[PDB]
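In what follows, one protein chain appears twice in different forms, each by itself as structure tokens: structure 1 and structure 2.
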Structure 1
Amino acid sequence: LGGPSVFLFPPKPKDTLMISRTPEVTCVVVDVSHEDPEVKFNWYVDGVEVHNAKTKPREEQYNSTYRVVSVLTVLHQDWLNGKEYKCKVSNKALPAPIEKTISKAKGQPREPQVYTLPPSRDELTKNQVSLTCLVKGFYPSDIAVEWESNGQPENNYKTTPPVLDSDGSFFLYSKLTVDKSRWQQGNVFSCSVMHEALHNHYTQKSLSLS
């Protein structure tokens, strides 16, 4: 016992922002029983049925239920224009098909402002210091943030989740931890942001000892 359940996952924020990448919506059905293992997917874009999804064969799990995945490739401009993607899942153990819908959050997009903040005077008594990137005033909350210096990725960073601000836009901070020496030697560090409301879906802000 335990009827099937459906989870619908959006594309990754970077994937809709760059045409070289492949944005996808993923419809996952879990807890499919052995007695009723047949699963049917119907896909709709703004209520209109589409037939180009790629559905995988069911995969039995170690708890003896089946998991079935259907992947719908989306056009970047369709996602950014706010189309609604509906996954309809039909199983003979279900009273009625299960429907899940996903889209970009509704609202007018807002351009992020990106500000770099150097380490506090207090922190420069430690061996590692904190380079901060503040990204505020953006909408919707889908965004990507990265760090680099001299063209190469800096991996020792963490980014807060987006946070709803009091004007209804979002903000976040990204913290990059570097060895104090590197900051003191005047290296330039770069915070880069990918968001739909930026020109070319991209901006960069630099930060160095001055």
Structure 2
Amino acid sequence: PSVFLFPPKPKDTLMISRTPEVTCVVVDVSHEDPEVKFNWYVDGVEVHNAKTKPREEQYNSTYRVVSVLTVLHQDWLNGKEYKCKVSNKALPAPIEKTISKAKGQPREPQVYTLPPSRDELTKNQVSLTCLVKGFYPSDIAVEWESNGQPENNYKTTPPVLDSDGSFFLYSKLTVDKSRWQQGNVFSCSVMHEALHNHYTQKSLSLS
């Protein structure tokens, strides 16, 4: 019997219209001892909002029990602590797990778009690059668009700790060479708490 606690998605905390949530997952619940119990706290003050999702019977004859707590955007971004407490018959003592946003002064990301290398122009597809550096903490969302429509053939690296204590990442969008050569505009969109309106975009085109 083990307990894991998961933070909300960055995009959910940065847009007021979306619903962020903390997730508490209990694994390795035996058939002999069901009836896992959940206690949730926020800065020590107990809350009663959580919902217990239906459990799954797994392939190795165990169960996974999930509890979800909805959180306010300003609570999470202010640094409040969330504690999940799990009690089962098989456990000797209740298990406590805690999570919160990383502490420290937030730092604004710098966004740079880089066109394909000239050597890549011999291929059928080319890579468009979006470098995002200098940001803190590491919670961030990156998306690509063109003509106001989302592009989907992109992949983003995990954040990497840089030598000055900030984070950086790269996002790579793959497009057909003919779309690049015709002059279409491609945009890298970045969402982070230290940005004005939590959002900025940078464009790239051959022109």
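Numbers follow structure 1, counted from its first residue as 1. Take the two forms, find the largest set of C-alpha atoms that superpose within 1.5 Å, and that set is the rigid core.
Residue shifts between the two structures, rigid core superposed: of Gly151, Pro57, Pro161, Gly168, the only C-alpha displaced by 2 Å or more belongs to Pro57. Once the core is aligned between the two structures, the alpha carbon position of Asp36 differs by 2.1 Å; this is the C-alpha shift at that site.
If you overlay the core, the Cα of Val69 moves by 1.2 Å between the two structures.
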